Ligand SMILES: Nc1ncnc2c1ncn2[C@@H]1O[C@H](COP(=O)(O)OP(=O)(O)OP(=O)(O)O)[C@@H](O)[C@H]1O
Ligand SMILES: Nc1ncnc2c1ncn2[C@@H]1O[C@H](COP(=O)(O)OP(=O)(O)OP(=O)(O)O)[C@@H](O)[C@H]1O
């Protein structure tokens, strides 16, 4: 359900820019494997030390600039393209069918879509591409570090598929209801500021007090739903990722003693196991921010 | 237990030969008994709740020593892992496999796991018959501990024995175990033939729950397992989900509604001091108001720093006993007939201790999200309570109507909302800020046990990465202020375009398309360049993570060149230390600006904290000056 | 849309606020009898095995406490012969419990401890074998299954007989075996409001069987119709034909009781007919047909009904029209 | 202060002047079934052991009467082999009774006395093992426990419905399992005096269930209220609201009967409500609440009652006020 979004603010230059960011992160995991293989060279004891430590810092500034290049000035073309194409696409329309329409949904969805999407879209977008790129990157990297018997990716994407499916549903519902719960509170806050002499007129001022307490009570319950979402999100994702860390320990066991263990990359599956669970965490919550955004 | 002639040897000596293999076999019978009794009661309760049961809606009961029963069930897990770990080493000796040496440890795990199911079956149905069958076990297990100790004293090592360490840990559990068995609410004895506690059966929480669609009660397993299976089943159902995701507020049972009120009431009690109202006075009363959960959740955060920080240390051991130990191939040098406490960082113990680092990683993320959870609940009761005394305060006061004559009171309402939720959001990660420098100092200390120049590289990288974070983010905040002003001009031209929809077709199309598109491109151009500065600071952030990457390369390069040694330790392990640093860097500067917004929000809160007979009545617009109306006298008959 | 009981039976109800689950735990036999066959076999198989292992460990212990099994001394006689392995003690334990008496493992007069233990092993293992016999029998006598053969129609009918409006329901039996002294009770479950302002959610008011004598039950071999005469005491006295089927959302439950001619147990078969499940104007088609040998009953006509000319007025109006006539 | 039966049940009564205890002794089975589990196990364990010792003494006697056990003569063959000790005969006796058949102790054709004795040992030991099976089964079928799940309210209420004063009592069930054909009988136990001068200590007069048909029982899945219409035949016709609760010291008993859908046995649940246990003016709060799936019943409201405006006059006065109106 992203084919509508793929045409937003251009397709070709964004595809080449984000493609160059993905290639820059492939150069980043190339720096990871080169530092790992030269770490095996130091473990075998320089020979290519100028080549190793000099060549291992190439894609640092290149990853820092190219990885942030796809959304570097994308707010400008998204700003004039989305704002000008939207204001022109609604400006050239006849005023009869626009005159027979509620202006609250039009101006609310229009202006809030422009400020909210134009302000908060590229941060969660580039964070989503970075999180997924790192997740599949170290996922397949530590997966190849494991033997082919030690992949076991089908239970990982099985329970992870369960988690992203039903947490996608219940998280969309929870962010929907908790997101929608806020506005009537401020509505009767404006009513609370306006009818103050009416609160002097209402001889039972406790009616708005207990109704008020029901409103803030409902927002507090919605906050408990938010903590439920982060609760099962973090605990479930870190739990299954911890099972992936134990499977990584099995891979280091069989690859360690079952045959000739390599001079390096033994702890690469361990550091990439803990950071693999971190990648499932920020990948899941980044999938949530990509769902709402 | 027999290899060649051991059984005969054991048989010859009086008293079961001081318990050579008998002390181990003695322990096993009780575990079997505790597991053979259990299946009938466990299985039946498993079947009666699967075909026809009415207790599938709402049922809960509490017992004295619940938190000490879980702490003893968790500590017995660490002692069961440990016994087996020592046991594995003994079996390997590679001479003969003694089966009766590691069996007592494997029976216990099943038994202790069966004891947890007995506590759950007892927490469902309240009867003392189970605590009497457990007490019968705790006592038989207590007597078996003595034999090992008794056997051991004659055959004493001191501190050089690993069997003893496991036994010692186990002994404490039995001692701890007695109190649970000493419950006064159990009527299994001949004395007090009636129920000693009649107010125990009825719970306040159940009554909250009985009328509750969703109970949402804290008094649970505390694993965040049922809080997700109740929402989760509905989510999984397709028909149910549509209904649930719409009427969720109705679906919500408003359970913590009886606990929100206490917090409002608690706030008043905290305020009740001997000194006048003050920003400091309301601050320390608020910290005194929350009570347990502040330092409690901070202490759980410090435990999360304890389990989380070590993370990498277990990993080094694998590179040493696996990688560096290339041709060691020597299992033991002590008395091979028993277990010894030395060399506990073995190769296999690095594996199972690495899985123990995974389990403690579940303890660290679990306690981390737990203190996060109590923090979010604390902020919920915070904004609810301060909201309650807030609108009750302005609803009750009605003072200084001159500023209330202006629209500044509505600005106090809007800024009361944005500053109030900005204040709970300011309090949102306060134990994370309290536990951040302990993690930075401890991780920097272990980095100092690695090397010096790497700690200078990464510590200088974070030491430069923080002021660019909060200063460049402050520049993005001023960009949000000016861009918020130009976007407010876009809202003014937007409602002016609503006036254009109220206007004609050709005139508002030409003048409002040209004027609104030109001025909207003007303010959207200033906010477009402001958006380029904000995305430039986000790229500053993107660049910052390679700052750490640069440090990692400069750390290994310069720390390699200053010294004269090479190792695979600091790459994997010290890379791991660097990962830890990132969460605390931007969370540290974000906690700093959260503290500045916290002092500003408490400052704004303290700033807000400030038939008819009529005879000789005087009325004012402002009590600081002379009354506007003087000596007004009239009376109105009904 | 809201239902009380299914068209087949076993109406499910939700219970809130339970006091104790301990009493239920204490009452073991009913639950055991109630549970399905797969779990029931599992309870008796594991509890037996769970016992067999307990009698085997303490027997591997009496040989370990004497120690005669590994040294193989010829003068020292073992309390039980042929105990060479750990498994052998378990095998011996099975022997005593089931009284197999293989003969390979013999018991002597050397240890006065194991012989008293052997008695405790035999009496408890003879007791659970007996307790199991009574529990399996109780499930061999459950009569829910007999009750199923008791079939009720698809819909109901309301037509005037002899000048009075009546409600008709038909029931049949698919077995050659019968039911003795089977009384039927029909209740109208609707939410009524009293003149004082009290709203009872589900009030149960009983309707007459219209037997002249004062009937409770009737001999059921072939499908018979039950009739409900609408008088001044009947709640359906103020109901119209096309207005009552949709406007009202109530239900009427059928309670068929009785005993089996094979087993003493008395069973119950229940169903409910909604406002849309009741038909006005038609009647039940005659099932009984006389042949040369006996009277045959076709069950495909059981769910068939035919429409005949009936009045479109309510019973208060029908008695009012006849009292004015 | 004087009570007849407890708020839970099992009313205790004192009996004086017993004629014979022999009949009770003769009637063994009922008493055995009635006794608790700890003693019951003790009766079957000791009676077995008591038998095992009798079959062992006479077996130690047939070897002592032949005398072949101590001299060890090779030509003289023993009637039973391997009998070396006194204990061995007892072990052999256990073997025959439980049919263990160990094989160590063999019986021969030398003594025609022990073989006929062996038959008497086996038939009596096979008989008590069978008699025990029927006694334990009878306890596996006791239905008092099923009756407990039948709960009665804390207090009672008396309010006028439809213009007539009624007494209300509510009962509920905590199980998913039901009770068939369960008839309820309520009796008023008060000490009445006749016009001739006779004082009967506790007279039991029955009160109507007010079912229109002539009711005995009602289908109980959810908590239902029973109503007692105060007419000219009701003893509570001459009672005032605030004067009857303290002045009178009487009691009204509830008799709930019925059978289990799992077992043929019919059980009874009883309670009693005193003069202070009855409330005037309030009513039973509605337990049934309709949800999306089914109808839920909360039991915390079961012991809750709400007060509504009711007349402070007696039923004779209330019918008198309406007959004058
Ligand atoms: N002490 C007692 N306890 C219980 N029952 C008794 C007792 N004495 C007699 N009965 C029985 O109760 C019945 C009551 O009648 P009554 O007491 O007049 O006996 P009775 O005329 O003396 O004849 P009997 O000598 O058989 O008791 C008698 O038929 C007798 O069987
Ligand atoms: N939560 C419950 N679920 C089922 N039954 C209950 C529950 N609570 C009480 N009961 C039983 O149902 C009866 C209803 O009376 P009520 O609810 O007024 O009890 P009560 O007056 O509080 O006395 P108790 O403390 O014994 O419940 C009580 O006698 C009690 O035995």
- Check residue D:182 against each of (1) within 16 Å of ligand 2 (Cβ to nearest atom); (2) in contact with a strand residue (DSSP E or B) (Cβ under 7 Å, 6 or more places away or on another chain); (3) within 14 Å of chain C (Cβ to nearest Cβ) and name the one condition it does not meet. (1)
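When you go through B:60, B:70 one by one, which is the residue that is farther than 30 Å from residue C:68 by Cβ and part of a loop (DSSP other than H, G, I, E, B)?
B:60
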- Item | Set C:40, C:75: member being closer than 30 Å to residue C:134 by Cβ and more than 8 Å from chain B (Cβ to nearest Cβ) | C:40
- Does the stretch D:117-151 hold any residues that are under 14 Å from residue D:263 (Cβ atoms) and in a helix (DSSP H, G or I), and which are they? D:137, D:138, D:139, D:140, D:144, D:145, D:146, D:147
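Please find, within the stretch A:257-279, the residue that is farthest from residue B:362 (Cα to Cα) out of those that are more than 7 Å from chain B (Cβ to nearest Cβ) and under 32 Å from the mean Cα position of the chain (by Cα). So that I can check it myself, show each step before the final result.
Within the stretch A:257-279, the first condition is being more than 7 Å from chain B (Cβ to nearest Cβ), and the residues that meet it are A:257-260, A:262-263, A:265, A:269, A:272-273, A:276-279.
Next, only the ones that are under 32 Å from the mean Cα position of the chain (by Cα) stay: A:265, A:269, A:272-273, A:276-279.
Values: A:265: 24, A:269: 18, A:272: 16, A:273: 13, A:276: 14, A:277: 11, A:278: 13, A:279: 16 Å.
Residue satisfying both the conditions and the ranking: A:265.
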- Query: Any residue at all in the stretch D:290-301 that is touching a helix residue (DSSP H, G or I) at 6+ places or on another chain (Cβ under 7 Å) and outside the structural domain of residue D:138 (by CATH)?
  - Reply: yes
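Does residue D:83 qualify as being at the interface with chain C (Cβ under 9 Å from one of its Cβ atoms) and crowded, with 18+ Cβ neighbours inside 10 Å? Spell out how you get there, then give the answer.
Values: at the interface with chain C (Cβ under 9 Å from one of its Cβ atoms): no; crowded, with 18+ Cβ neighbours inside 10 Å: yes.
When the stated conditions are applied, residue D:83 does not pass them.
Just for the stretch D:102-148: of the residues that are within 24 Å of residue D:266 (Cβ to Cβ) and touching a strand residue (DSSP E or B) at 6+ places or on another chain (Cβ under 6 Å), which one is farthest from ligand 1 (Cβ to nearest atom)?
Filtering the stretch D:102-148 down to residues within 24 Å of residue D:266 (Cβ to Cβ) leaves D:134-148.
Then keep just the ones that are touching a strand residue (DSSP E or B) at 6+ places or on another chain (Cβ under 6 Å); that gives D:143, D:146-147.
Details: D:143: 29, D:146: 33, D:147: 29 Å.
Checked the stretch D:102-148; the qualifying residue farthest from ligand 1 (Cβ to nearest atom) is D:146.
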- Message: I'd like the full set of residues that are under 30 Å from residue B:636 (Cβ atoms) and assigned to a loop (DSSP other than H, G, I, E, B), limited to the stretch B:605-619.
- Response: B:611, B:612, B:613, B:614, B:615, B:616
- Task: Would you check if there is a residue in the stretch B:88-98 being touching a helix residue (DSSP H, G or I) at 6+ places or on another chain (Cβ under 8 Å), surrounded by 20 or more Cβ atoms within 10 Å (Cβ to Cβ) and within 30 Å of residue B:20 (Cβ to Cβ)?
- Result: yes
- Mind listing whichever residues of the stretch A:195-214 are surrounded by 14 or more Cβ atoms within 10 Å (Cβ to Cβ) and assigned to a helix (DSSP H, G or I)? A:196, A:199, A:208, A:209, A:212, A:213
- Query: In the stretch A:50-69, is there at least one residue being buried (at least 19 other Cβ atoms within 10 Å of the Cβ), out of contact with any strand residue (DSSP E or B) (no Cβ under 7 Å at 6 or more places or on another chain) and over 29 Å from residue B:540 (Cα atoms)?
  - Reply: no
- Can you spot a residue in the stretch D:89-112 that is assigned to a helix (DSSP H, G or I), within 12 Å of another protein chain (Cβ to nearest Cβ) and surrounded by fewer than 17 Cβ atoms within 10 Å (Cβ to Cβ)? no
- Query: Would you say residue B:339 is farther than 28 Å from residue B:305 by Cβ and crowded, with 17+ Cβ neighbours inside 10 Å?
  - Reply: yes
- Within the stretch D:152-162, residues more than 7 Å from every other protein chain (Cβ to nearest Cβ) and either outside any strand (DSSP E or B) or more than 11 Å from ligand 2 (Cβ to nearest atom) (or both) come out as D:153, D:154, D:155, D:156, D:157, D:158, D:159, D:160
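How many residues are farther than 26 Å from residue A:229 by Cα and more than 7 Å from every other protein chain (Cβ to nearest Cβ) when one looks only at the stretch B:371-397? Working first, answer last.
First, pick out the residues of the stretch B:371-397 that are farther than 26 Å from residue A:229 by Cα: B:388-397.
Okay, now just the ones that are also more than 7 Å from every other protein chain (Cβ to nearest Cβ), so B:389-390, B:393-394, B:396-397.
Matching residues across the stretch B:371-397 total 6.
Can you tell me which residues in the stretch B:1-45 are in a helix (DSSP H, G or I) and more than 48 Å from the chain's Cα centre (by Cα)? It would help to see each step written out before you state the result.
Within the stretch B:1-45, the subset in a helix (DSSP H, G or I) is B:6-12, B:14-19, B:22-36, B:38-45.
Passing the criteria: B:6, B:7, B:8, B:9, B:10, B:11, B:12, B:14, B:15, B:16, B:17, B:18.
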- Sole exception among (1) over 34 Å from the mean Cα position of the chain (by Cα); (2) crowded, with 18+ Cβ neighbours inside 10 Å; (3) not in a helix (DSSP H, G or I) for residue B:126, by number: (1)
- Message: Testing residue A:159 on (1) in a helix (DSSP H, G or I); (2) away from chain B (no Cβ under 14 Å), one condition comes back false. Which one is that?
- Response: (2)
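Kindly provide the set of residues from the stretch D:1-33 that are within 16 Å of ligand 1 (Cβ to nearest atom) and either within 14 Å of chain C (Cβ to nearest Cβ) or surrounded by 10 or more Cβ atoms within 10 Å (Cβ to Cβ) (or both), ordered by number.
Let us first name the residues in the stretch D:1-33 that are within 16 Å of ligand 1 (Cβ to nearest atom), namely D:13-27.
Of everything in the stretch D:1-33, those that are within 16 Å of ligand 1 (Cβ to nearest atom) and either within 14 Å of chain C (Cβ to nearest Cβ) or surrounded by 10 or more Cβ atoms within 10 Å (Cβ to Cβ) (or both) turn out to be D:24, D:27.
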- Query: Within the stretch D:276-306, how many residues turn out to be more than 7 Å from chain C (Cβ to nearest Cβ), within 25 Å of residue D:183 (Cα to Cα) and not in a strand (DSSP E or B)?
  - Reply: 5
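We place every Cβ from the backbone using ideal geometry, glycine too, and count neighbours over all the protein chains shown. The values are calculated or read from the model by the stated rules, or taken from the named source; none is laboratory data.
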